[PDB]
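Note: the block below is input_4.txt and it holds compact mmCIF, N, CA and C atoms and all ligand atoms.
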# COMPACT_ATOMS: atom_id res chain seq x y z
N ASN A 1 25.79 18.07 -0.12
CA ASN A 1 24.53 17.29 -0.09
C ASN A 1 24.75 15.95 0.63
N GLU A 2 23.71 15.37 1.16
CA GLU A 2 23.86 14.07 1.87
C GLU A 2 24.65 14.28 3.17
N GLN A 3 25.91 14.60 3.06
CA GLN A 3 26.73 14.82 4.28
C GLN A 3 26.01 15.77 5.24
N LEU A 4 25.13 16.58 4.73
CA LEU A 4 24.39 17.53 5.62
C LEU A 4 23.54 16.76 6.62
N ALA A 5 22.70 15.88 6.15
CA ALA A 5 21.84 15.10 7.08
C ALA A 5 22.69 14.48 8.19
N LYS A 6 23.92 14.17 7.90
CA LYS A 6 24.80 13.57 8.94
C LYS A 6 25.07 14.58 10.06
N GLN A 7 25.58 15.73 9.72
CA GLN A 7 25.86 16.76 10.77
C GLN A 7 24.62 16.97 11.64
N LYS A 8 23.46 16.69 11.12
CA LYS A 8 22.21 16.88 11.92
C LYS A 8 21.83 15.56 12.60
N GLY A 9 21.85 14.48 11.88
CA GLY A 9 21.49 13.17 12.48
C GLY A 9 20.02 12.86 12.19
N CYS A 10 19.53 13.26 11.05
CA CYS A 10 18.11 12.99 10.70
C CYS A 10 17.93 11.52 10.30
N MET A 11 18.96 10.92 9.76
CA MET A 11 18.85 9.49 9.34
C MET A 11 18.46 8.62 10.53
N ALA A 12 18.59 9.14 11.73
CA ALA A 12 18.22 8.34 12.93
C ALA A 12 16.83 7.72 12.74
N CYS A 13 16.01 8.32 11.92
CA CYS A 13 14.65 7.77 11.69
C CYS A 13 14.31 7.79 10.20
N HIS A 14 14.74 8.81 9.51
CA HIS A 14 14.44 8.90 8.05
C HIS A 14 15.26 7.87 7.28
N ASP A 15 15.11 7.83 5.98
CA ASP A 15 15.88 6.85 5.16
C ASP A 15 15.46 6.96 3.70
N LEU A 16 16.40 7.16 2.81
CA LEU A 16 16.05 7.27 1.37
C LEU A 16 15.02 6.21 0.99
N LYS A 17 15.41 4.96 1.02
CA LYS A 17 14.45 3.88 0.65
C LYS A 17 14.30 2.90 1.82
N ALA A 18 14.21 3.40 3.02
CA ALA A 18 14.07 2.51 4.20
C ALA A 18 13.05 3.09 5.18
N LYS A 19 11.79 2.79 5.00
CA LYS A 19 10.76 3.33 5.92
C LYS A 19 11.09 2.96 7.37
N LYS A 20 11.91 3.74 8.02
CA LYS A 20 12.27 3.43 9.43
C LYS A 20 11.39 4.22 10.39
N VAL A 21 11.94 4.67 11.49
CA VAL A 21 11.13 5.45 12.47
C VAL A 21 10.42 6.60 11.75
N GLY A 22 11.02 7.14 10.72
CA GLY A 22 10.39 8.26 9.99
C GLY A 22 10.18 7.87 8.52
N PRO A 23 9.30 8.58 7.86
CA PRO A 23 8.98 8.34 6.43
C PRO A 23 10.23 8.52 5.56
N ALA A 24 10.63 7.49 4.87
CA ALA A 24 11.85 7.61 4.00
C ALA A 24 11.82 8.94 3.24
N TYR A 25 12.89 9.68 3.28
CA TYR A 25 12.92 10.99 2.56
C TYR A 25 12.48 10.80 1.11
N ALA A 26 12.78 9.67 0.53
CA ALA A 26 12.37 9.42 -0.88
C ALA A 26 10.84 9.34 -0.98
N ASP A 27 10.21 8.67 -0.05
CA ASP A 27 8.72 8.56 -0.09
C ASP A 27 8.09 9.95 0.08
N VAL A 28 8.47 10.66 1.11
CA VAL A 28 7.89 12.01 1.33
C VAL A 28 8.12 12.89 0.09
N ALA A 29 9.29 12.84 -0.47
CA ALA A 29 9.58 13.66 -1.68
C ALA A 29 8.49 13.44 -2.73
N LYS A 30 8.31 12.22 -3.15
CA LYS A 30 7.26 11.94 -4.18
C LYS A 30 5.92 12.50 -3.72
N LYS A 31 5.56 12.28 -2.48
CA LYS A 31 4.26 12.81 -1.98
C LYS A 31 4.21 14.33 -2.14
N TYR A 32 5.32 14.99 -1.99
CA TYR A 32 5.33 16.47 -2.14
C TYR A 32 5.96 16.87 -3.47
N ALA A 33 6.31 15.90 -4.28
CA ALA A 33 6.94 16.22 -5.60
C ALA A 33 5.91 16.89 -6.52
N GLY A 34 4.66 16.57 -6.35
CA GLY A 34 3.61 17.19 -7.22
C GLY A 34 3.13 18.50 -6.59
N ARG A 35 3.91 19.06 -5.71
CA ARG A 35 3.50 20.34 -5.06
C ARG A 35 4.43 21.48 -5.50
N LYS A 36 4.13 22.69 -5.11
CA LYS A 36 4.99 23.83 -5.51
C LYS A 36 5.51 24.56 -4.27
N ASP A 37 4.95 24.27 -3.12
CA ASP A 37 5.41 24.95 -1.88
C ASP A 37 5.95 23.92 -0.89
N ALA A 38 6.30 22.75 -1.36
CA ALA A 38 6.84 21.70 -0.45
C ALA A 38 8.04 22.25 0.32
N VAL A 39 8.66 23.28 -0.18
CA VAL A 39 9.84 23.85 0.52
C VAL A 39 9.39 24.57 1.80
N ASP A 40 8.51 25.52 1.67
CA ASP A 40 8.03 26.26 2.88
C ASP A 40 7.40 25.29 3.88
N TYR A 41 6.47 24.49 3.43
CA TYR A 41 5.82 23.52 4.36
C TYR A 41 6.88 22.69 5.08
N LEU A 42 7.59 21.86 4.36
CA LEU A 42 8.64 21.03 5.01
C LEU A 42 9.44 21.87 6.00
N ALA A 43 10.30 22.72 5.52
CA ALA A 43 11.12 23.57 6.43
C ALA A 43 10.24 24.10 7.57
N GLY A 44 9.01 24.41 7.29
CA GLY A 44 8.10 24.93 8.35
C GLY A 44 8.01 23.91 9.49
N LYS A 45 8.03 22.65 9.17
CA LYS A 45 7.94 21.61 10.23
C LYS A 45 9.34 21.16 10.64
N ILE A 46 10.34 21.53 9.88
CA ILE A 46 11.73 21.12 10.23
C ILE A 46 12.21 21.90 11.46
N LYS A 47 11.96 23.18 11.50
CA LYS A 47 12.41 23.99 12.67
C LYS A 47 11.41 23.83 13.83
N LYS A 48 10.25 23.31 13.55
CA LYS A 48 9.24 23.14 14.63
C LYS A 48 9.20 21.68 15.09
N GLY A 49 9.22 20.76 14.17
CA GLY A 49 9.19 19.32 14.55
C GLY A 49 7.75 18.91 14.90
N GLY A 50 7.59 17.82 15.59
CA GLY A 50 6.22 17.37 15.97
C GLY A 50 5.78 16.23 15.05
N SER A 51 4.56 16.27 14.58
CA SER A 51 4.08 15.19 13.68
C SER A 51 2.57 15.32 13.47
N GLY A 52 1.96 14.34 12.86
CA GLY A 52 0.49 14.40 12.62
C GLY A 52 0.19 14.13 11.15
N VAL A 53 1.17 14.28 10.30
CA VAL A 53 0.95 14.02 8.85
C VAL A 53 1.50 12.65 8.46
N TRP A 54 2.39 12.12 9.25
CA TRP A 54 2.97 10.78 8.93
C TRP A 54 2.71 9.80 10.08
N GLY A 55 2.58 10.31 11.28
CA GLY A 55 2.32 9.41 12.44
C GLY A 55 2.08 10.25 13.70
N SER A 56 2.66 9.87 14.80
CA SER A 56 2.46 10.65 16.06
C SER A 56 3.81 10.96 16.71
N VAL A 57 4.75 10.06 16.61
CA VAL A 57 6.09 10.29 17.22
C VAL A 57 6.54 11.74 16.95
N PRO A 58 6.42 12.56 17.97
CA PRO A 58 6.81 14.00 17.88
C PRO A 58 8.30 14.13 17.56
N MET A 59 8.64 14.12 16.30
CA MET A 59 10.08 14.24 15.92
C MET A 59 10.75 15.35 16.75
N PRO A 60 11.96 15.10 17.17
CA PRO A 60 12.75 16.06 17.99
C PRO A 60 13.02 17.34 17.18
N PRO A 61 12.94 18.46 17.85
CA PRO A 61 13.18 19.79 17.22
C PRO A 61 14.62 19.89 16.72
N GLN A 62 14.91 20.83 15.86
CA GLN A 62 16.30 20.97 15.35
C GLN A 62 16.72 22.44 15.36
N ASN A 63 17.99 22.71 15.26
CA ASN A 63 18.46 24.12 15.27
C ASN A 63 18.83 24.56 13.85
N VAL A 64 17.85 24.77 13.02
CA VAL A 64 18.14 25.20 11.62
C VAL A 64 17.40 26.51 11.31
N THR A 65 17.89 27.26 10.36
CA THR A 65 17.21 28.54 10.01
C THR A 65 16.44 28.38 8.69
N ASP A 66 15.63 29.34 8.35
CA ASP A 66 14.86 29.24 7.08
C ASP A 66 15.75 28.71 5.96
N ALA A 67 16.83 29.40 5.68
CA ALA A 67 17.74 28.93 4.59
C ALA A 67 18.02 27.43 4.75
N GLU A 68 18.56 27.04 5.87
CA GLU A 68 18.85 25.59 6.08
C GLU A 68 17.58 24.77 5.86
N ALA A 69 16.46 25.25 6.34
CA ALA A 69 15.19 24.51 6.15
C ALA A 69 14.92 24.30 4.66
N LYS A 70 15.28 25.26 3.85
CA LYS A 70 15.05 25.12 2.39
C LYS A 70 15.90 23.98 1.82
N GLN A 71 17.18 23.99 2.09
CA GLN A 71 18.06 22.90 1.58
C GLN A 71 17.51 21.54 2.01
N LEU A 72 16.86 21.48 3.13
CA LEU A 72 16.31 20.18 3.60
C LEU A 72 15.14 19.76 2.71
N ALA A 73 14.20 20.63 2.49
CA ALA A 73 13.04 20.27 1.62
C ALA A 73 13.51 20.17 0.17
N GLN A 74 14.50 20.94 -0.19
CA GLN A 74 15.02 20.88 -1.59
C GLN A 74 15.87 19.62 -1.76
N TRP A 75 16.61 19.26 -0.76
CA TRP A 75 17.46 18.04 -0.86
C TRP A 75 16.61 16.79 -0.62
N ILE A 76 15.66 16.87 0.28
CA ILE A 76 14.80 15.68 0.55
C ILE A 76 13.80 15.49 -0.59
N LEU A 77 13.30 16.56 -1.14
CA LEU A 77 12.33 16.43 -2.26
C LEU A 77 13.03 15.88 -3.51
N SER A 78 14.17 16.42 -3.84
CA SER A 78 14.90 15.92 -5.04
C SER A 78 15.18 14.42 -4.90
N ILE A 79 15.26 13.93 -3.69
CA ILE A 79 15.53 12.48 -3.48
C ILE A 79 14.27 11.67 -3.78
N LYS A 80 14.39 10.64 -4.58
CA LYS A 80 13.20 9.80 -4.91
C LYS A 80 13.49 8.33 -4.62
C1 LIG B 101 13.18 10.29 14.58
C2 LIG B 101 13.41 10.66 16.05
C3 LIG B 101 13.38 11.39 13.83
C4 LIG B 101 14.52 12.13 13.72
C5 LIG B 101 15.69 11.92 14.38
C6 LIG B 101 14.24 13.18 12.78
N1 LIG B 101 12.94 13.12 12.32
FE1 LIG B 101 12.09 14.25 10.95
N2 LIG B 101 10.42 13.25 11.18
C7 LIG B 101 10.19 12.15 11.97
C8 LIG B 101 8.83 11.70 11.86
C9 LIG B 101 8.27 10.63 12.50
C10 LIG B 101 8.21 12.55 11.00
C11 LIG B 101 6.90 12.52 10.62
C12 LIG B 101 6.03 13.09 11.75
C13 LIG B 101 4.61 13.31 11.23
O1 LIG B 101 3.74 12.53 11.57
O2 LIG B 101 4.41 14.27 10.49
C14 LIG B 101 9.21 13.50 10.58
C15 LIG B 101 8.99 14.48 9.65
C16 LIG B 101 9.94 15.34 9.16
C17 LIG B 101 9.69 16.33 8.15
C18 LIG B 101 8.50 16.56 7.52
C19 LIG B 101 8.10 18.02 7.72
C20 LIG B 101 6.66 18.22 7.23
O3 LIG B 101 6.30 17.60 6.24
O4 LIG B 101 5.95 19.00 7.84
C21 LIG B 101 10.87 16.96 7.92
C22 LIG B 101 11.11 17.96 7.04
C23 LIG B 101 11.83 16.35 8.81
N3 LIG B 101 11.26 15.35 9.57
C24 LIG B 101 13.14 16.75 8.92
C25 LIG B 101 14.05 16.22 9.80
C26 LIG B 101 15.42 16.66 9.89
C27 LIG B 101 16.00 17.65 9.15
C28 LIG B 101 16.00 15.90 10.86
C29 LIG B 101 17.29 15.93 11.26
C30 LIG B 101 17.60 17.34 11.79
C31 LIG B 101 14.98 15.02 11.36
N4 LIG B 101 13.78 15.22 10.70
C32 LIG B 101 15.18 14.07 12.33
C33 LIG B 101 11.13 11.57 12.79
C34 LIG B 101 12.41 12.01 12.96

Kindly present the structure from the file in structure tokens form.
Amino acid sequence: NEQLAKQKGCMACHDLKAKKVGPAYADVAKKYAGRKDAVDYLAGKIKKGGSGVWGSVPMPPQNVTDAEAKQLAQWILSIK
């Protein structure tokens, strides 16, 4: 956990409690913490990228698979 975001380099904009170029993973988690499919949705935009729900900066695409996409929404959501 955690070390994963490094191998990818998502912190370049995201941030647990630091609203930087991207919505702090902690903030997004709470926003999707009251949901039940935050895993599919998130990962759905993780392998696609883009934007429109938090801003416009088309986040750069990534090379992850469904499984990896799950750990991202599961690891980012658990973060508060
Ligand atoms: C800055 C260039 C970014 C880097 C690097 C990464 N992400 Fe990102 N991400 C960024 C923004 C600005 C947004 C919001 C765009 C919008 O308006 O919606 C996002 C969003 C995500 C999301 C949300 C998916 C969703 O809710 O549909 C996820 C899951 C996400 N980003 C994952 C992610 C990962 C895994 C990264 C490293 C591989 C990563 N992002 C880098 C900006 C940036």

Residues of range 41-62 of chain A within 9 Å of range 1-22 of chain A: nearest atom pair and distance (Å, one decimal) for each, counting only C-alpha atoms, sorted by chain and number, as a Markdown table?
| residue | atom | partner | partner_atom | distance |
| --- | --- | --- | --- | --- |
| A:54 | CA | A:22 | CA | 7.9 |
| A:55 | CA | A:22 | CA | 8.5 |
| A:57 | CA | A:21 | CA | 8.4 |
| A:59 | CA | A:22 | CA | 8.4 |
| A:62 | CA | A:8 | CA | 8.0 |

Report, in Å to a single decimal, how far apart atom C26 of ligand LIG 101 (chain B) and atom C of residue 23 in chain A are.
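Distance between the two atoms: 10.6 Å.
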
message: The residues within 12 Å of (4.7, 23.1, 9.5), using only C-alpha atoms and the coordinates of the file, should be reported as number ranges by chain; which are they?
response: A: 37-53, 61, 69, 73

What box, with edges along x, y and z, holds each listed atom of ligand LIG 101 (chain B) when 3 Å is added on every side, and can you state its centre and edge lengths in Å to one decimal, as JSON?
{"center_x": 10.7, "center_y": 14.6, "center_z": 11.1, "size_x": 19.9, "size_y": 14.7, "size_z": 15.8}

One decimal place gives the CA of residue 56 in chain A-atom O1 of ligand LIG 101 (chain B) separation as 5.0 Å

| request: Have a look at A:70, A:76, A:60, A:24 and name the one nearest to ligand LIG 101 (chain B); count all atoms listed in the file. | output: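 With all atoms listed in the file as the atom set, the closest residue is A:60.
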
Here atom N of residue 34 in chain A and atom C2 of ligand LIG 101 (chain B) stand apart by 24.8 Å

Exercise for the section: as a VMD selection string, please: all residues of chain A that backbone DSSP puts in helix (DSSP H, G or I). Expected result: chain A and resid 3 to 8 10 to 12 25 to 33 38 to 46 66 to 78

task = Would you please work out which residue, of A:67, A:72, A:26, A:33, is nearest to ligand LIG 101 (chain B) when using only N, CA and C atoms and all ligand atoms?
result =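 Selected residue with least distance to ligand LIG 101 (chain B): A:72.
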
Out of A:58, A:79, A:66, A:71, which residue has the shortest atom-to-atom distance to residue 29 in chain A when counting all atoms listed in the file?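 Closest to residue 29 in chain A, using all atoms listed in the file: A:79.
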